C-alpha cells in the first residue's frame, strides 16, 4: 500500500531519449538511466566505481518533448517518479521488468551549466 513506490535516481542516459507518439498526438519519451555508484570500493585493494544500475524510464506529454529536445546520451540527470512493474513478449513466455514512471527530471548541475528557457 501507501500509494505508489517513489524513487529518485541520479545517473546518465545510456542513449539519446527515444521520442514516440500516439495517434492523437501525445508525446512519450523513453530512455534509461545508468546509475554508477562512485567511490564504492568493491574488488581489488584499490578503489573506484561500483557496478551500475540501469533503469528504463518513461515520461509523457510536454516534458517528453523537452526531455528529447534537452537531453542526449551521457547526460547526467536527476529523476523522480514511481516504480512500476510490467509484464512483457517474444522469447520469454510472460516477461516482467521494473520501470520508472517519471514525475520530474532534469540535467544535474554538478558538472555542467544550463540555459533555462520555456
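Positions refer to the first chain, counted from 1.
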Should the segment between residue 88 and residue 89 be described as having none, 1 to 3, 4 to 9, or 10 or more unmodelled residues of the deposited sequence? 1 to 3
Give the stretch, out of 41 to 49 and 25 to 33, with the larger mean C-alpha temperature factor in the deposited entry. 41 to 49
As the entry reports it, the stretch among 75 to 83 and 61 to 69 with higher mean C-alpha B factor is 61 to 69
For residue 14, the third of its chain into which the C-alpha B factor falls: middle
Using the B-factors in the PDB entry, rank residue 2's C-alpha atom against the chain and give the third, lowest, middle or highest. highest
